[PDB]
Amino acid sequence: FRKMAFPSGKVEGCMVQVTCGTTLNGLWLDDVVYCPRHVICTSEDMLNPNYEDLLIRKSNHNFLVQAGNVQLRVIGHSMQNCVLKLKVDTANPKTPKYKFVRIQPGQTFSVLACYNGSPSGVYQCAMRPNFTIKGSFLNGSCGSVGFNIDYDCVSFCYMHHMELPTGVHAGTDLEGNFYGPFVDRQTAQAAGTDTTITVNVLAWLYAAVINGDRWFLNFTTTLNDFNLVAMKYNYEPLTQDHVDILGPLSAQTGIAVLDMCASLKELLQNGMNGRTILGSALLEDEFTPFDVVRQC
Amino acid sequence: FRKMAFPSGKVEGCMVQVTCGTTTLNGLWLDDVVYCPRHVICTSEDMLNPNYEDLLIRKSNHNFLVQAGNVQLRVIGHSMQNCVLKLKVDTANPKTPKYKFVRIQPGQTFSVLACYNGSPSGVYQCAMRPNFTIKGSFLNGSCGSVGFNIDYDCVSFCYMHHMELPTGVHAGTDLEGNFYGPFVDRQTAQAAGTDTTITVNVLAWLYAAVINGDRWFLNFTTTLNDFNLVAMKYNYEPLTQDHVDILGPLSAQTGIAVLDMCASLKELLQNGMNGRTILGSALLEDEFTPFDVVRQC
Ligand SMILES: *[C@H](O)[C@H](C[C@@H]1CCNC1=O)NC(=O)[C@H](CC(C)C)NC(=O)OC[C@](C)(O)c1cccc(Cl)c1
Ligand SMILES: *[C@H](O)[C@H](C[C@@H]1CCNC1=O)NC(=O)[C@H](CC(C)C)NC(=O)OC[C@](C)(O)c1cccc(Cl)c1
Ligand SMILES: [Cl-]
């Protein structure tokens, strides 16, 4: 059982290079290139930009868009929230079937980390409860995207904009609305206290049982009792909707959700005694119940 | 800092479905040849102890249905090389990337594109253990999935998946059909040797930690021979001077001499981690190569 990203081919054919004076990545879908609007900023402009004013000073010819060894001509620009939409003369012949979606906290997605419009790596991320993500992003990584693949449809959910001072990351949906309270300006910004995605830890405990790791099973508890424990350890409260979402794994394993919660209560209170679970010494909360099923 | 796979697009365009009788698995379509595991020609019963030559003689080209998406490829020739089957087909793959076949060394990493019925489902990074197993995520039907590195635009294929051992780890071949390790493609008892920790990789990960701000474990110094006596105690690979030189880039990026990083690692091994973490891990990680640490950092 591994942290597994979706295959990235469909998204690789959509990645392009966008330069204004400052280079980053764009997403080329049909005749539109989506990218973060702060590409129109200088080193100095980033302390507190007036984006509307800044964009007026810019002409299409100030936008160097490259798809591989071919330069694309921009014939129109517009600002939607924190993204720039650059209409180009050519529709992407590699455009997959796609949708834009705004994901919920606790959900996961694959990130295609890109630099200078070229993919360098792919990895699975979770949208944290505080609407950050714990990525691996260097300078130039802005405009890299996060996505899920359902059927043959690519559901784009994330475009990368910034690192916070904690070393975590923040970005928008593909309509340019930030996840969380963040703004695309280089001033101090606080992410809330984070929490552990309880439903995901349980999904991962089920993945452990499915793979032979069973030592942590035992006792029982009620949903309201477990939550009082969860609050102590900074775990998200578990709702009945979460129990139902875990149903499939419960049925594969014969282990009732509230029984697994009992085991998780013991692990939180008593720790791991030095044992491991699927080779990890910590509890993992970036697998959804969906991710575990998809894998097994 | 994360476990990061290569983009899989180039390998996705090479995956096909290979069917022989009731068995179906994945094959790799490069130019006009499809590579796949030879046990595709085995029935349920044959797998205890197949005579692959005898089994393959019973097969003709038309017994091999190869599907690239909705396109059927016609097989015009077949041959066995070690534990892989090479099916010559009528069409060269127009999506063939620049590629090489390589046999990786233990301790090296690669990306796996896990596939079923010739369709990719996921991508993840693996390490070739010192005992020539890998800790993968493979289900039934995943055979013929491949492992690779990408340098520039060249795809270096290094692994094809064949089997799970009963301990749950995985084994397979290079693209010339030679197993990594002592394994054979038969369902009889098979032991992997004692594994060991890839010391140079743990050091590289400690460098990645320092690069990323995690410094609490730094300290003392030691000799290469002194550190190795500890390494031997803790089932760690011995550190050679070639390993020191390979870490040179990270030593220079951080100003920390390799032998100083070794001193800190001895302390971590002798005293454990006291419940602290390093890059968010409560264990020492040994599946990032120096190359992997650089590429990311
Ligand atoms: C776009 O590729 C780039 C990628 C990040 C920089 C390094 N690691 C990254 O993930 N993003 C930016 O350059 C961005 C532009 C702003 C939003 C207009 N700035 C940024 O991320 O600053 C990072 C820093 C230095 O940590 C910081 C400093 C001061 C205030 C904040 Cl909120 C953040
Ligand atoms: C090919 O898709 C398939 C992949 C494995 C099945 C489950 N997880 C896998 O990675 N490989 C095989 O089916 C392989 C075929 C042989 C080599 C001819 N057999 C196999 O993997 O054996 C696994 C098993 C059942 O655990 C076993 C049983 C007895 C002895 C051994 Cl060495 C292995
Ligand atoms: Cl861990």
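What you see below is based on every heavy atom in this structure, not just the backbone, and it leaves out hydrogens, waters and symmetry mates. Every chain is numbered from 1 and lettered A, B, ... according to where its sequence line falls, protein lines coming before strand lines.
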**Message:** Side chains of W204(A) and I277(A), heavy atoms from C-beta outward: is any pair under 4.5 Å?
**Reply:** yes
**Asked** Say you draw a straight line from CE of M4(A) to CD of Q295(A); how long is it, rounded to the nearest 0.5 Å?
**Response** 3.5 Å
**Request:** Count the heavy atoms of every other residue, nucleotide or ligand shown that sit under 6.0 Å from CD of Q81(B), and state whether that count exceeds 12.
**Result:** yes
**Prompt:** Would you find a donor on one side and an acceptor on the other, under 3.5 Å apart, between the side chain of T195(A) and the backbone of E236(A)?
**Reply:** no
**Prompt:** Quick check: does any side chain N or O of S144(A) sit under 3.5 Å from a backbone N or O of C114(A), one acting as donor and the other as acceptor?
**Reply:** yes
**Message:** When you measure from the side chain of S142(B) to the backbone of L139(B), do you find a donor-acceptor pair of N or O atoms at a distance under 3.5 Å?
**Reply:** yes
**Item:** Side-chain heavy atoms of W28(A) within contact of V65(A), under 4.5 Å
**Value:** no
**Donor-acceptor under 3.5 Å (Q67(B) side chain, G69(B) main chain)** = yes
**Asked** What distance separates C35(A) SG from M159(A) CE, expressed to the nearest 0.5 Å?
**Response** 6.5 Å
**Message:** Using 0.5 Å steps for rounding, measure from the CZ atom of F147(A) to the CG atom of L27(A).
**Reply:** 10.5 Å
**Request:** Report yes if some heavy atom in the side chain of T198(A) is under 4.5 Å from a heavy atom in the side chain of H242(A); otherwise report no.
**Result:** no
**Asked** Going by atom types only, do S119(B) and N117(B) share a side-chain donor-acceptor pair under 3.5 Å?
**Response** no
**Request:** Side-chain contact test, heavy atoms from C-beta onward, threshold under 4.5 Å: evaluate it for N212(B) versus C297(B) and give yes or no.
**Result:** yes
**Item:** is_close_aromatic(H161(A), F178(A)), centroid dist under 6.0 Å
**Value:** yes
**Nearest atoms (heavy-atom pairs only) where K135(B) meets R2(A)** = O-NH1, 2.7 Å
**Message:** Within the 4.5 Å heavy-atom criterion, are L205(A) and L249(A) side-chain neighbours or not?
**Reply:** no
**Request:** Could you check if a side-chain atom of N178(B) sits within less than 4.5 angstrom of a side-chain atom of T173(B), using non-hydrogen atoms only?
**Result:** no
**Close side-chain approach of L282(A) and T277(B), heavy atoms under 4.5 Å** = yes
**Distance-minimising heavy-atom pair for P290(B) and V200(B)** = CG-CG2, 3.9 Å
**Message:** Would the distance check show the side chain of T23(B) and the main-chain N or O of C42(B) forming a donor-acceptor pair, the cut-off being under 3.5 Å?
**Reply:** yes
**Whether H170(B) and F138(B) hold their rings parallel, tilted or perpendicular, with breakpoints at 30° and 60°** = perpendicular
**Message:** For the backbone of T91(B) and the side chain of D32(B), can you confirm whether one donor and one acceptor N or O come within less than 3.5 Å of each other?
**Reply:** no
**Message:** Quick check: closest heavy atoms across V34(B) and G27(B), and the distance to 0.1 Å?
**Reply:** CG1-CA, 4.2 Å
**Message:** Side chains of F6(A) and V122(A), heavy atoms from C-beta outward: is any pair under 4.5 Å?
**Reply:** no
**Request:** Test side chain to side chain contact (heavy atoms under 4.5 Å, CB included) on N25(A) and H160(A) and set out the steps.
**Result:** CA-CA 9 Å; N25(A) 309 285; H160(A) 181 58; over 6 Å; no
**Request:** Determine whether the aromatic ring centres of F156(A) and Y34(A) lie less than 6.0 Å apart.
**Result:** no
**Asked** Which heavy atom in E12(A) sits nearest to a heavy atom in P119(A), and how many Å separate them?
**Response** CG-CG, 3.7 Å
**Message:** For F287(A), is there any backbone N or O sitting under 3.5 Å from a side-chain donor or acceptor partner on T108(A)?
**Reply:** no
**Message:** So does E176(B) get a backbone contact from the side chain of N82(B), meaning a donor-acceptor N/O pair under 3.5 Å?
**Reply:** yes
**Prompt:** Does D285(A) use its side chain to pair, donor to acceptor, with the backbone of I197(A) at less than 3.5 Å?
**Reply:** yes
**Message:** Looking at every non-hydrogen atom in both residues, tell me the closest pair between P96(A) and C14(A) and how far apart they are.
**Reply:** CD-SG, 3.4 Å
**Fill in**
Taking every heavy atom of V293(B) against every heavy atom of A208(B), the minimum-distance pair comes out as CG1-CB, 3.6 Å
**Message:** Can a donor-acceptor pair be found, under 3.5 Å and without considering hydrogens, that links the side chain of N92(A) to the backbone of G13(A)?
**Reply:** yes
